[PDB]
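What follows is each chain in one-letter form.
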Amino acid sequence: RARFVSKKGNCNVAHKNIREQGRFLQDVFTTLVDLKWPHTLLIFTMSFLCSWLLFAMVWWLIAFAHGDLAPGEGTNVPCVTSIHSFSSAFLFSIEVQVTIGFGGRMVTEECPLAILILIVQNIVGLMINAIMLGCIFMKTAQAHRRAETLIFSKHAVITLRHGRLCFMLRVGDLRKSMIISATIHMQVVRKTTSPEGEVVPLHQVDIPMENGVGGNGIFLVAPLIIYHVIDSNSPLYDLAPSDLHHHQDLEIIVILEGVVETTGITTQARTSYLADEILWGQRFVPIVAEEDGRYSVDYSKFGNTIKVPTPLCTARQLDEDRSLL
Amino acid sequence: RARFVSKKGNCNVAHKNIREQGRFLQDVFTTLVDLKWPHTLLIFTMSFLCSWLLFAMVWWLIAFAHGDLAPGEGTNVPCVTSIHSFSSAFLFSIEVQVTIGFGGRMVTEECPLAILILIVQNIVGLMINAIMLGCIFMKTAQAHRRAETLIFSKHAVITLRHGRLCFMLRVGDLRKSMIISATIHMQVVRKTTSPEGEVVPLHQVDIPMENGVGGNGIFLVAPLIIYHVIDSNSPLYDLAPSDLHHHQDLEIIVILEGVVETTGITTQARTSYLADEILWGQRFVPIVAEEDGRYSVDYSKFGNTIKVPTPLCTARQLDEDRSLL
Amino acid sequence: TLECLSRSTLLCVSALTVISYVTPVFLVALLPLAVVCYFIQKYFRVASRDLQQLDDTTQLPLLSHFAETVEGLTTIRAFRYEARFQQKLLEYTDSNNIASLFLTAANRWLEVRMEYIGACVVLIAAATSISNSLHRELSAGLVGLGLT
Amino acid sequence: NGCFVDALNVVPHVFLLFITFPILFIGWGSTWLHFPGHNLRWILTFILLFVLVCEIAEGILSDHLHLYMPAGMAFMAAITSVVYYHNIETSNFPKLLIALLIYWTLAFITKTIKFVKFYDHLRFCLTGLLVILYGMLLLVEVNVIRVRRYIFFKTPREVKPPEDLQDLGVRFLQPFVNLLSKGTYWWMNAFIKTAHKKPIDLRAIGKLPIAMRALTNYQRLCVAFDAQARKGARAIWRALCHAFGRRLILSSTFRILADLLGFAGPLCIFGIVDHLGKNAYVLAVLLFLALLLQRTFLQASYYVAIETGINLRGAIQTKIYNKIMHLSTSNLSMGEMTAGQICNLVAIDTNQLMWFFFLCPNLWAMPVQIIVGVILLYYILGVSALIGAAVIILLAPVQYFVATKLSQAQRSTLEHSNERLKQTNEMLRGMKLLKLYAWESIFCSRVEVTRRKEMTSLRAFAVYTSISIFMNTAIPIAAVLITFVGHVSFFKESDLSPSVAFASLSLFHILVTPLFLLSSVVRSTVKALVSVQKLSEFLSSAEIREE
Ligand SMILES: Nc1ncnc2c1ncn2[C@@H]1O[C@H](COP(=O)(O)OP(=O)(O)O)[C@@H](O)[C@H]1O
Ligand SMILES: Nc1ncnc2c1ncn2[C@@H]1O[C@H](COP(=O)(O)OP(=O)(O)O)[C@@H](O)[C@H]1O
């Protein structure tokens, strides 16, 4: 069946019938700073070559028009000394534009028109250099790759903790670098029909993450199983343990947000768990172990799971049995 | 009548009698990085041309004063070799300033005054180049355009959900790029008179956004109708359904905040709904649809609306009827 | 249709044989034409079969509806359901029309790309003629046959 | 300073090709907005393409790179103008249009300078044509800014892209695409590519456009029928011709232009052969362009004829279905309103009227075609035209008499088949009672007798068509033989260069093809006549009386 957002974190829902009013290009550089590296490098070299060829053509033409292009000895001084053909003119254009300044061909004080073309060439060169540096730097603050290094366990299990049904999922870090003030927004989606006859195709509802006195966020050093307790007030509380594996369509997504240390940008990661991915009545294997003088974490058992003799029943019926026991 | 903040998101209220103590210009570059592109490009070219002409004048003068400007053969070496007129002097200024370095005219080791003018020319050039790059880059982090791509439905409807009156408004995204940790601050304004005889011309009050266990923020993938339930405690709970369409003056604004992924800046969007814009007793058409293997969203029905047979009465009187039924 | 088909296939055989005779080099430029045309014909075949099948499957119920309306007249004009039945017939005829329209549009598309193929072949046939049969072959009578 | 003006012309093409690449690369890395002059813009752009090919020909004849570079640059400039206009049709802007307008003005200036410097002293005609085309495109751009919002006062009052062909679920878009694509059905690509990946369904295929629904066709048809009545079998025919109207006329105009170009081809053959006997590659390029153009316009004509036919079918179907309502059962008791008769009406009249309305635009171009054929062959034969003229005049009246003798058999054929179908209907719905006491032999011999009469009609038709094909081949070959023999030795004394011979054979074949076709056309023509007579007698049944 159709998934809401894919495991890799990319969004699945394909958009249709967007009334484009042009804002897609109106974000001129915040559009292309999104692109890949080959496309952005291609369009940067094309910017540079476009400008260089434009001014090389205009210079070729101005040297042709002054008549300094006509090879002649005396009665003149070329506006640009030692210019012969188009090739040397393009060499002059790249010599003055990108500010190497070879000086074999000298622009002279006889023609003020060449002064004007230089005084606009250089400023446009400097402006396009300034933007083509700022945008590549604004790019190198792409830290979604740091959204790649995070990992979640492939499937999530539920258990019985403290006499109440609980669901456990793992997270973890993959580098030395921490993520500042990460917060968890844990959401459930379902095609819902209201008592008013209103049917929604998809209905996001927050399920709380259960920490100390409150709080939406967590602290990530070692793999920490996130711990929620479904109660009669919770939206997930009504389902049955035998109807989840095959038929029902329930996506439980988690969105972890946080700002990486060194860049300072705020990244996040998104993952979905389907009704066929989740399973019932198990327990993860303890990862952390007291090694020689530290805590060793073994990621081989990250996705490992052991059987646990826990009663199998619906959370509504389990709450009724708790009322009975 | 007068609107508080316009639909486009710009602020309407015009300020009068600002005791300018000069901080408006004291924000020298955080002022001009706000400007449009033509003005900022104009003032950058004017910075560059101003500095170039200043130093071209001082160089013309120094070559005049040394007497190297007086064309003479022997008994001297010009401080700058091969300088003849003002034009060639301005060519020397742009040759050394913007660091092309043509070298047809050579500054020589005979005059230390020219050494001083060069050693200040270059450092001022480098400083003004550094600021005129940093500020243009600080500009290209204008992501308000990303505040442009967000959209809200033109008018908002109220309904009856779960036996209680509810108000529904749509939002949505217009690109692939997500917005991190968007939060909703939903506010109502009204000319209010306290029981103490105090009259306020405008009175902002928070109306909650109703999500799971709590939380001020939401998750935007597909168009999500925001769902609040007005109760007896809510400030909007007292109005009547027949007095809203024409007479009363009630602006309900929503402010959605969030940080865009790639730049990392925090943008927001603001919109108003007037008493004449909002309407009563309707329901939006379901956008999301299970297509071939995905979820298709159709934005043609984004602003579409269907009639629903729901009772029409005041929320106070509806709460009294709920006490009666 | 059968006789026109036979005439056209024999004309095609004659034309290919003539062009091959006038320029023995054209056999280097015929295989790419044949390959591209073969692939496009194969792609057109399945879509054409699908559109024809859908045409038949929509054209049957319309005539069933017509017959049943014609025979059961008295009941339909007694209930005074005529608006409902006219609306139903409008639905069926619109579906029939769109099916027919897509069939003929696919036909037109195949014809256009085939005509572009024919333009290619005549172009480079005439080009190899004007080049070879003049510069190196120096033959006069074959040019008219080839181009005709 | 010729090279100076050549360079001055090269400059603006370069300017535009350089500004186009950033935007084109951002755009390359579902609402269609159309602007006035779009079709005019594309037509003018194709004319520019043609004139640029001619300029390249001139540059080849002269050669000096800098002397023919302007054409090679305007080529890419016009293609990039097309790319810009595609990028603007897909997403509207006020600025990209000004970006085009600047280039148009500068190119006009350069061409004007060229024209002046030439006047002070083949090139002349090409430069003038380019000037006129660029000026007309400039006027188109001025119209576009005059319309909505180039600079004009504040708000465009912009159209609000058309919902007819772009709102909800449109899976078919012939009217909803660009000028250049309608001819090639480029839009179809996706669809045909999609069909192979997943089988096709009715919910897969879309709905019908605003201007394609049978409701609007029935509306137009009934309005025209009312207007005709306020002013019978002939009346409804007049109403049909009125209703299709301009689309049908356009199909005919496209076919006539395609015909003139189809004749133009053999002339290029003549020129090529003449230069081979002795400005030749130009003949090949121009011939290729001409052939491509004929194919494009022929296929467009066929498509629009099919459109008119399907709309006809829909409209007459819903008209007869509405009239079945008011039909009284006292007609239903009679043989005229037999249920089988009415369903035969629907099915076979759909078929016959659609086929005649596909073949009618084809014959509305036979007269112009033959006239242009003879006016072209005069200038090629000379005094030897008499023989071919006598042949193609002797062809016509015998063909008219043959067609008459054919139609007479065909109508009786239709009557006999129509009675056979009702005999089969009343034979199949009672096969139980028929086989019960075995009355089979009687009904089978009756259907056999009806089949024998129908077969008599068919064999008359077949013998007449065989004689028709015999004539349509024998008269042509005799014509060719006589004309050539007459030119070489009989009188002319001017040796027919092979170019004349092959061009005559080509024009002659082009003339021959329609004659074979018209014989098949009569089969659909008399059938359309019979179908409309039947439809009008069906519309003339007894009404139901309003209280
Ligand atoms: N040893 C490891 N080190 C780092 N990352 C891992 C390791 N093993 C798995 N992962 C990643 O983290 C997730 C852990 O899933 P897990 O429960 O181990 O299932 P599995 O073992 O089948 O991958 C996997 O999706 C995988 O992408
Ligand atoms: N198809 C679309 N794609 C993208 N944005 C749209 C589309 N239609 C409308 N919008 C924008 O989003 C908002 C949706 O409003 P809506 O309820 O559709 O009213 P209307 O249809 O009258 O614009 C509008 O203000 C408009 O600016």
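What counts and what doesn't
Residues numbered from 1 in each chain as written, not as in the entry; some residues may be left out. Chains lettered and ligands numbered in written order. Part of a larger assembly, values for the part shown. Heavy atoms only, no water. Residues with missing side-chain atoms left out of burial classes, pairs and counts. Helix = DSSP H or I, 4+ residues; strand = E, 2+ residues; numbered from the N terminus. Rg over C-alpha atoms; globule rule 2.2 N^0.38 Å. Contact = heavy atoms within 4.5 Å. Near = heavy atom within 4 Å. Polar contact = N/O pair within 3.5 Å; in protein donor to acceptor, adjacent residues only side chain to side chain. Areas by Shrake-Rupley, 256 points an atom, 1.4 Å probe, with all protein chains shown as cover. Nonpolar A, V, L, I, M, F, W, Y, C, P; charged D, E, K, R; others polar. Pairing = 2+ DSSP bridges. Axes fitted to C-alpha atoms, helices over the stretch in contact; angles between N-to-C directions. Core = buried A, V, L, I, M, F, W, Y, C linked by side-chain atoms within 4.5 Å. Buried < 20%, exposed > 50% of the residue type's maximum accessible area, 1.4 Å probe, protein only. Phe/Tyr/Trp six-rings, centres within 6.5 Å; stacked < 30°, edge-to-face > 60°. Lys NZ or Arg CZ within 6 Å of the ring centre and 35° of its normal. Disulfide = S-S within 2.5 Å. Expected span 1.5 Å × (residues − 1). Bend = angle between axes of the 7 residues up to and from the residue. Least-squares fit on C-alpha atoms. Domains from an automatic or database assignment. Buried area = accessible area lost by both parts, 1.4 Å probe. Salt bridge = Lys/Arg side-chain N within 4 Å of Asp/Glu carboxyl O.

The deposited coordinates for this entry were obtained by cryo-EM, with a reported resolution of 4.3 Å.

Asker: What is the right way to look at the overall build of chain A in this model?
Answerer: Counting secondary structure elements, chain A contains 7 helices and 14 strands. In terms of overall size, chain A is more extended than a compact globule, its C-alpha atoms giving a radius of gyration of 32 Å where 325 residues would be expected to give roughly 20 Å. When its C-alpha atoms are laid out on the principal axes, chain A stretches across 115 × 60 × 35 Å. Across chain A, every contact between residues at least 6 apart in sequence was considered, and the portion connecting residues at least 24 apart equals 63%.

Asker: Looking at this structure, I do not really get the site of ligand 1. What am I missing?
Answerer: Residues and elements named next belong to chain A. In the vicinity of ligand 1, the contacting residues are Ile151, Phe152, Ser153, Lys154, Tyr299, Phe302 and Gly303. Here a nitrogen atom of ligand 1 and a backbone polar atom of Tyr299 are 3.4 Å apart. A distance of 3.0 Å separates an oxygen atom of ligand 1 from a polar atom in the backbone of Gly303. Considering ligand 1 on its own, with 530 Å² of exposed area, one finds that the protein chains cover 54% of that surface. Broken down by class, the residue content of the shell around ligand 1 amounts to 4 nonpolar, 2 polar and 1 charged.

Asker: When you look at the sheet that holds strand β2 (residues 157-161) of chain A in this model, what are you seeing that I'm missing?
Answerer: Pairing between sheet strands relies on hydrogen bonds along the backbone, with the strands arranged either parallel or antiparallel. Residues and elements named next belong to chain A. An order of β2-β3-β8 is seen for the 3 strands of this open sheet, with the pairing classed as antiparallel. In this open sheet, the two edge strands, each paired with only one partner strand, are β2 and β8 (226-229). Strand after strand, the sheet turns through a mean of 35 degrees between neighbouring axes, direction not considered. Where strand β3 (residues 164-169) lies against β8, 4 bridges are found, and the strand directions are antiparallel. Bridge pairing in β8 places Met168 opposite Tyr227.

Asker: Just to check I follow, could you spell out the nonpolar core for this structure?
Answerer: In globular proteins that are soluble, nonpolar side chains generally tend to be buried together. In this structure, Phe92 and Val107 of chain A together with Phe102 of chain B are the most contacted members of the largest nonpolar core, which totals 47 residues. Counting only elements with at least two residues in this core, the list comes to α3 (37-66), α4 (86-97) and α5 (112-140) of chain A, α3 (37-66), α4 (86-97) and α5 (112-140) of chain B together with α1 (2-28) of chain D. Counting residues per element, this core draws most heavily on α5 of chain A, which supplies 9 residues. When near neighbours in sequence (up to four residues on either side) are disregarded, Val107 of chain A contacts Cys79, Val80, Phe92, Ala114, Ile115 and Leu118 of chain A together with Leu91, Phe102 and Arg105 of chain B. Ranked by size, the runner-up nonpolar core spans 30 residues in total, among them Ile40 and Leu110 of chain C together with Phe191 and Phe358 of chain D.

Asker: How do you make sense of the packing of aromatic side chains when you look at a structure like this?
Answerer: The way to describe two aromatic rings as a pair is by their centre distance and the angle between their planes. Taken as a whole and assessed by the stated rule, the structure comprises 37 aromatic pairs over all chains. Their ring planes at 65 degrees and their centres at 5.2 Å tell us that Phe137 of chain A and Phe137 of chain B sit as a pair that is edge-to-face. With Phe137 of chain A in helix α5 and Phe137 of chain B in helix α5, the pair connects residues from two separate chains. On the basis of an interplanar angle of 50 degrees and a centroid distance of 5.3 Å, the ring pair of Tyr103 of chain D and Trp104 of chain D is categorised as tilted. Overall, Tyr103 of chain D belongs to the buried group, its relative accessible area being 1%. Cluster of aromatic residues (ring-pair linked, three or more members): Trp60, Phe64 and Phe86 of chain A together with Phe4 of chain D. Residue placement shows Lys139 of chain B over the ring face of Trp37 of chain B; its charged tip is 3.8 Å from the ring centre. It is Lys323 of chain D that lies over the ring of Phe538 of chain D; its NZ or CZ is 3.5 Å from the centre.

Asker: Is there a simple way to explain the state of the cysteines in this structure?
Answerer: In a disulfide, the sulfur atoms of two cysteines are covalently bonded to one another. All names here are of chain A. Applying the stated criterion to the full structure yields 2 disulfides over all chains. In this model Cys79 forms its disulfide with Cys111; the gap between the sulfur atoms is 2.0 Å. Judged by the sign of its S-S torsion, about -90 degrees, the cystine formed by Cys79 and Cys111 is left-handed. Taken together, the residues span a long stretch of sequence, with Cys79 in the loop between α3 and α4 and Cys111 in the loop between α4 and α5 at a distance of 32 residues. Since its relative accessible area comes to 10%, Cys79 is described here as buried. A relative accessible area of 9% places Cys111 in the buried class.

Asker: Would you mind showing me how to read the sheet that holds strand β6 (residues 205-206) of chain B here?
Answerer: Residues and elements named next belong to chain B. Strand order in the open sheet formed by 4 strands is β6-β3-β8-β9, with antiparallel pairing between adjacent strands. Because the sheet does not close on itself, it has two edges, and the strands there are β6 and β9 (266-273). Two strands pair when backbone bridges link them, and strand β8 (residues 251-260) and β9 are joined in this way by 8 bridges, in the antiparallel orientation. Looking at β9, one finds that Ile252 is bridged to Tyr273.

Asker: Would you mind showing me how to read the interface of chain A and chain B here?
Answerer: For interface size, the figure often reported is the accessible area lost on association. Between chain A and chain B, the residue contacts involve 64 residues of the former and 58 residues of the latter. Of all the secondary-structure elements, those providing two or more residues to the side of chain A that touches chain B are β1 (14-16), α1 (23-26), α2 (28-32), α4, α5, β9 (251-260) and β10 (266-273) of chain A. Class assignment for the residues of the side of chain A that touches chain B results in 36 nonpolar, 17 polar and 11 charged. Sheet topology note: the β1 of chain A/strand β12 (residues 295-298) of chain B ladder contains 3 bridges and is parallel. Across the sheet, residue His15 of chain A finds its bridge partner in β12 of chain B, namely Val297 of chain B.

Asker: Is there a simple way to think about helix α14 (residues 339-363) of chain D in this case?
Answerer: Given 3.6 residues per helical turn, the α-helix brings residues three or four places apart onto the same face. Residues and elements named next belong to chain D. Over its 25 residues, α14 runs 35 Å from end to end, which matches the ideal 36 Å to within 8%, given 1.5 Å per residue. At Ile348, α14 shows its largest bend, some 30 degrees. The element α14 is largely enclosed, with a buried count of 19 among its 25 residues.

Asker: Any chance you could explain the pairing of strand β1 (residues 157-161) of chain B here in plain terms?
Answerer: Sheet faces and side chains relate simply in a regular strand, where the side chains alternate between the two faces. All names here are of chain B. As defined by bridge partners, β1 adjoins strand β2 (residues 164-169) across 5 bridges and the pair is classed as antiparallel. By the bridge assignment, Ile158 is partnered in β2 with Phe167. Where β1 hands over to β2, the hairpin turn is made up of 2 residues, of which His162 adopts a positive phi near 60 degrees.

Asker: Would you take a moment to explain the relation of the copies chain A and chain B for this structure?
Answerer: Each copy of the chain is related to the other by a rotation around an axis and a translation along that axis. Taken as rigid bodies, chain A and chain B are interconverted by a rotation of 90 degrees and an axial shift of 0.0 Å, the fit giving an RMSD of 0.0 Å. These values place the two chain copies in the arrangement generated by a four-fold rotation axis. Of all interface residues in chain A, a mere 14% are interface residues in chain B too; the two copies therefore contact each other through different surfaces.

Asker: Would you explain the domain arrangement of chain A in this entry?
Answerer: Residue and element names in this part refer to chain A. What the domain assignment lists for chain A is domain 1 (1-13 + 143-325) and domain 2 (14-142). When each unit is reduced to the centre of its C-alpha atoms, the spacing between domain 1 and domain 2 is 54 Å. Counting residues at the interface gives 5 residues for domain 1, matched by 4 residues for domain 2. Across the interface of domain 1 and domain 2, roughly 410 Å² is buried in total on both sides, 52% from carbon and sulfur atoms. Across the domain 1-domain 2 interface, the total number found is 0 salt bridges. On the surface where domain 1 and domain 2 come into contact, there are 2 residue pairs in polar contact. Residues of the side of domain 1 that touches domain 2, tallied by class, amount to 3 nonpolar, 2 polar and no charged.

Asker: Help me understand the site of ligand 2, please; the structure alone is not making it clear to me.
Answerer: The full set of residues close to ligand 2 is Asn17, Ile18 and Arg19 of chain A together with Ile151, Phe152, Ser153, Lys154, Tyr299, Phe302 and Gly303 of chain B. More than a single chain frames ligand 2: its nearby residues are located in chains A and B. The backbone of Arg19 of chain A places a nitrogen or oxygen atom 2.2 Å from a nitrogen atom of ligand 2. With respect to ligand 2, the side chain of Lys154 of chain B contributes an N or O atom lying 2.8 Å from an oxygen atom. Notes on ligand 2: free accessible area 530 Å², of which the protein chains cover 75%. Its residues assigned to classes, the shell around ligand 2 shows 5 nonpolar, 3 polar and 2 charged.

Asker: Which parts of the structure should I look at to understand unusual backbone geometry?
Answerer: Keep in mind that most residues, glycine aside, have a negative phi and that most peptide bonds are trans. In this model, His162 of chain A sits at a positive phi of 60 degrees, which is unusual for a non-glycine residue. With respect to the helices, strands and loops of the structure, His162 of chain A is situated in the loop between β2 and β3. Residue class for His162 of chain A comes out exposed when judged on its relative accessible area of 79%. A positive phi angle is found at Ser181 of chain B, which is not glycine, with a value near 65 degrees. Following the sequence through the fold, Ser181 of chain B ends up in strand β3 (residues 179-189).

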